[PDB]
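A.B. asks: in the first instance, please consider these chains from the complex; the rest will follow:
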Amino acid sequence: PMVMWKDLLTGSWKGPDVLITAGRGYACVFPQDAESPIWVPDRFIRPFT
Amino acid sequence: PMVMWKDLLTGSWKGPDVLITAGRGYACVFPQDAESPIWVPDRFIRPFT
Amino acid sequence: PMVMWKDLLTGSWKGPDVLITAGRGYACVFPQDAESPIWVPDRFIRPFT
Amino acid sequence: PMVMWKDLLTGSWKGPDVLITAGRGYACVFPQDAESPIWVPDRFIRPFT
Amino acid sequence: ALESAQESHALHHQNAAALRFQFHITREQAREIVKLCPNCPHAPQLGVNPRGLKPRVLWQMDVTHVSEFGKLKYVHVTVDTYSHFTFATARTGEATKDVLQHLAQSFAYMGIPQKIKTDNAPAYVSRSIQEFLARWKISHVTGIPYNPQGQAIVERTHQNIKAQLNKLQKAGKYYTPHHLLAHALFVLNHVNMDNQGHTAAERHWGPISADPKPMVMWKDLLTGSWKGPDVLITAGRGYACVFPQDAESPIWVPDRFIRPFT
Amino acid sequence: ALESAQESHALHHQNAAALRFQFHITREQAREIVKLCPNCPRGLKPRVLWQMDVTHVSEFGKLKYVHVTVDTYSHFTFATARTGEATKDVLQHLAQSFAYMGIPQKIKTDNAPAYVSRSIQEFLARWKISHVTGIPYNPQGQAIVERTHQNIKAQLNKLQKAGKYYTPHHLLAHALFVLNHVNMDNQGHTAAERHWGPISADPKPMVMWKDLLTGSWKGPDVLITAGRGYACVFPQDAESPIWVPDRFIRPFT
Amino acid sequence: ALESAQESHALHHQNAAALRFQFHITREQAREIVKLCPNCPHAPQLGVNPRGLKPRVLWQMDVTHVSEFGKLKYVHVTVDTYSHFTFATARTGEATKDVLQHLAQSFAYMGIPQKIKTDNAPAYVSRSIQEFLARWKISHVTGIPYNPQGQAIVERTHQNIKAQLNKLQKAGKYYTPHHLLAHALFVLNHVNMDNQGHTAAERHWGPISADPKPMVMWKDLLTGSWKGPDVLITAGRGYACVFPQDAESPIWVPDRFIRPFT
């Protein structure tokens, strides 16, 4: 599965990207483009496709 | 798992079929129909009965 | 003009007496009692009857 | 009558000051310290005394 | 007594609630104690930005900064406040002639108002603008300096235009900045339909129509009292308009001052 | 009143119809105002078939390529003083005409490359606009563009007595404004009005309004509402509705 | 059909409402058409910052910048998330020893938690801090980097502290910055009373006076379904907590996911 997601740090809107997990106020995204998993608030996650 | 969902595009109940995951009130439905995964709003989910 | 107001400090109706002005739901009550003008919430105003 | 009032331009909170008028979303404050009348919106006015 | 409540308040600036329990006083007594505190500095809906009663009455105008096009960022925007009919011109500045360019175009695009409201920029204050207004016979409101809400209709419109431009730019390439902009304007007034099934253009120049309205009680903040009841002209998200037989002019207030009369 | 009729005539030079409908001028008097001026000698639905053409306003000399789109129904004229006859110049004009006029069902152009391009055909497909080839030239289509070009130029000529424009676009836009929003037909309607098409079987009542400031009936004006012995009418040039004791109102039929 | 609705949407990015009327489709169909727009882009209440279930469980800590005192602007702040019991230390920096100073003081002032949450600053990440946590046996949460809401309790507290310091400074002169601060802390926990008639200190060290609670339906966003009904533990402005027999741990959610069961 995949999602869209806001870059909490710079504010730039990112995605679509590799959805790893989510729930209870959080989400995890992780492309192999990234060095490590993207751990963000679920308020910035949109249900891509 | 095998859950049925209202076809967001026609209204017909589809499945029950391969649900991949869920979160934030959505259900990422995605069987072998590679055309698109579908995050279906939870209210339209009716698990295999 | 001569209007009566609930004593915001004791609850007793005071006056009717010299109202200077009003606006935004308040009534600036101010007779010769130089101790303080009083913007009384409109709901506590009862004009001379 | 007198009121407190926020400096719309710099954001500094001003007052207490000379109330000239008010109503329908607007107000006027005008000390002789000022060159001309202070025309501000009701939303920044507090019922001083 | 209250004197000691005030004393304690002056000393520690004690919470009104605490004062109630400590001094065995009412909430309202406690509220006055803290209200009279000059050292103790809340902003609920109060005013409202009014609008025209029919198309071509009151327009609102301001500019923005669409950095995407460099110098062309100076987009001039005019909106019919009644119908929310929008118009924009990507100029390369804010010169008198850029204002006038936009205006000329807006006269062809929108038509002609009875009055127009702008901000307090010199671009509108200038005698040359006032001259133009005198020639075309249009009233000019500048609003309160530094209060962006005087231009709230066009600012909200700017959000819409911006978003529209973003979507459309992502959708493909355009020959010019104006090609994109025109596409957006087209959509905003002729494609984008409201919840009544009508377009902005349609509202701007549609058939004269009106629906019957109920009487409501109307609170006048200058008297602190409920007046009427009388037939409400209109309303929308957060606002309402009424014009009584005994009133001098139409009354625009927030809709929280409306109490539907039985 | 007619002093200001003359004033606005000097400013825009609108026709006799517009002058008299606004100021209640004797048709003859309105014509007098005009002749004394130093520069003043289809289907059933709008947005269906548009007539396209391009001219050469030498007065500009650079923007002379004025692209023109005319609603064959209302005769509404939209024009863009372009720098050439490229397919992109056409498309740019077209995009602008969408903003001003909207999207038609079909458009009639000539057979120039400026319209032929498949990229344009693509756009026509995108906007579901059927193309009329312009091959069947005749006095109807010709009169549409001929009258249009003459009318445009006439207004532009009128504005040569007030050459206070910075660009050709300031000039043209002003002209187009008058042409579509100021000048009136014999029924008092404008080209824009007709183009828009709000004119239909309007069920709203109109009343004669005794303007008590004059002691006489004006209008008829569209009535908005009524109650408690007064009627709320909203006149053309009024800024707001006016409550008037019912006895001074005359339901107009 | 929907194909042409999508076509037009792709072309102009037409309003879902407009699509409904233009193509004679349902709202939800129109909504999906616009939802699938890759070039098109709302943030309702979703997450919630949870808190301790009793005093001395979860604390929250961060710093602020009270520029009034120059170097002393580095005020370290710790709050008991259960009782909202606050503590602050005006230090001249964010060194290990300044963090520690505050901590030492907060151990004497507040006591000791099971766990504490800070932001992701190096001032807390440092091994030496991690050592202190090992010495004192306290769990450490850092939250998501750059998301200020992870420290929302103390940030909200900072507003209160700031305001308290302001009104007290207006009230007179103080011997030291600490004189002022201590006065503020005094008020915040021992003077300022809540709407239940209790002080923050009182709540912090008061005995667990538990009240009986009703059963509610609880929506789990990971299943998209209503569960229970079961007894709600607590709630407040915008939030709620429930802990079912079949649950692994206490559940903190926004109170819009609560539906009181009859």
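C.D. replies: Arrived safely. Numbers count the residues shown, from 1 in each chain, chains lettered A, B, ... in the order given.
A.B. asks: what are the ranges of the strands in the chain?
C.D. replies: Went with chain A since none was named. Taking DSSP state E as the criterion, chain A carries its strands at A:2-6, A:13-23, A:26-29, A:38-40, A:45-46.
A.B. asks: other chain: chain E
C.D. replies: E:58-65, E:74-80, E:85-91, E:115-117, E:139-141, E:215-220, E:225-236, E:239-242, E:251-254, E:258-260.
A.B. asks: I'd like to know which of the ones you listed is closest to chain F.
C.D. replies: With Cβ to the nearest Cβ as the measure, strand E:225-236 is the member of these nearest chain F (6.3 Å). Placement of C-beta: from N, CA and C, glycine included.
A.B. asks: re earlier: and the strands of chain A: which comes nearest chain F?
C.D. replies: Nearest to chain F, of the strands of chain A and by Cβ to the nearest Cβ, is strand A:13-23 at 26.5 Å.
A.B. asks: who does the closest one touch, helix- and strand-wise?
C.D. replies: strand A:2-6, strand A:26-29, strand B:13-23 (3 or more Cβ pairs under 8 Å, 6 or more residues apart in numbering or on different chains; DSSP states H and E).
A.B. asks: can you add chain H next? sequence is:
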Amino acid sequence: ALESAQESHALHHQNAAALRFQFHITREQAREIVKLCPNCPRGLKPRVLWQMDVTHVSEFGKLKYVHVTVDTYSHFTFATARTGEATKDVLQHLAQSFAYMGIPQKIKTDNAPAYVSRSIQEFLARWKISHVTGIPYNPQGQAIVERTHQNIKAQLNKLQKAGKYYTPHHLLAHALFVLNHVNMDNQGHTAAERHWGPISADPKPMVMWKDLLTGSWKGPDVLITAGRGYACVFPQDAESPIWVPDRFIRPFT
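C.D. replies: The block that follows adds chain H to the chains above:
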């Protein structure tokens, strides 16, 4: 378990009572833990009468002027290592004691100028604190401060085996923490606890908790709620309440 009892003893050096109440240690064993350690040899309401005193902790030498305030009820000790005995030093200390302890009904000091100042008297009026003049010396009041100073110093001496403090304040604060929040009396209560005064006729039921992970009874623990055949109890060191089948719960009396 006792290994960590010993660990925390090394860290804080809490008394035998604290050790055994937390770890369920034989009183004798708890005393053994203590003796083997290299540095371990009123009215009815709190916040009423406080005992004030100042000492000279030469170990600091600059902050040696430790101002001390003791709740005569709970024997809670608050202290501020000041740089002198000025009236402002006293007031600064006092302000800090308000934050930690609160405001009393009266405070007993000696007759030093450090307390005499009318500015202090003013402050006492502001806070309605009656002043006990402390003119006579009395073994009772003397024992309060004597025991206090000895206890403070004892803890400070204990912490000399782990002199890893940046300031005297880091050291003292740590000491005070242990003195008021860690050490327990014969009933398992702390000075802070007593100072606070939450202890009263607590109507809440406690239950024995069969901790099924061990298969044994723990507590008794304060019961929070119950339903559907399970009870929700929340133990001292538990992070959260625990649902346990009623049959494994014993209403404790």
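A.B. asks: mind splitting chain E into its structural domains?
C.D. replies: Following automatic domain parsing, one finds the domains of chain E at E:2-35, E:58-205, E:215-260.
A.B. asks: save those as JSON lines, and put in distance to residue G:261 and mean neighbour count too.
C.D. replies: Output for those, formatted as JSON lines (distance: least, Cβ to Cβ, whole Å; neighbours: other Cβ atoms under 10 Å in any protein chain shown):
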{"stretch": "domain E:2-35", "distance to residue G:261": "32", "mean neighbour count": "19"}
{"stretch": "domain E:58-205", "distance to residue G:261": "35", "mean neighbour count": "19"}
{"stretch": "domain E:215-260", "distance to residue G:261": "33", "mean neighbour count": "17"}
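A.B. asks: and these as CSV, adding distance to residue F:131?
C.D. replies: Formatted as CSV, the domains of chain E follow (distance: least, Cβ to Cβ, whole Å):
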stretch, distance to residue F:131
domain E:2-35, 74
domain E:58-205, 20
domain E:215-260, 43
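A.B. asks: nearest to chain A, out of those?
C.D. replies: domain E:58-205 (10.5 Å).
A.B. asks: following sequence is DNA strand I, place it on the structure:
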DNA sequence: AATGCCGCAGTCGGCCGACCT
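C.D. replies: That brings us to DNA strand I, laid onto the chains above:
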């Protein structure tokens, strides 16, 4: 001298169609 707004996309309640009784 005048004064916040409105689209998004969820969410609730009601009206009507279909189907069970």
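A.B. asks: distance check, residue E:82 against residue E:140.
C.D. replies: Per Cβ to Cβ, to the nearest Å, residue E:82 is found 18 Å from residue E:140.
A.B. asks: please apply the same query to residue E:117.
C.D. replies: Shown here: residue E:117 relative to residue E:140, a distance of 7 Å by Cβ to Cβ.
A.B. asks: kindly report the same for residue E:17.
C.D. replies: Counting by Cβ to Cβ, the gap from residue E:17 to residue E:140 is 50 Å.
A.B. asks: do the same with residue E:245
C.D. replies: 30 Å.
A.B. asks: now residue E:6. Nearest residue, chain neighbours left out?
C.D. replies: Of all residues not flanking residue E:6 in the chain, residue E:33 sits nearest, at 5.3 Å (Cβ to Cβ, 6 or more residues apart in numbering or on different chains).
A.B. asks: ok, residues contacting stretch E:52-59?
C.D. replies: E:51, E:78-83, E:85, E:106, E:110-117, E:203-205, E:208, E:233, E:241, E:250, F:234, F:239-241 (Cβ atoms under 8 Å, 6 or more residues apart in numbering or on different chains).
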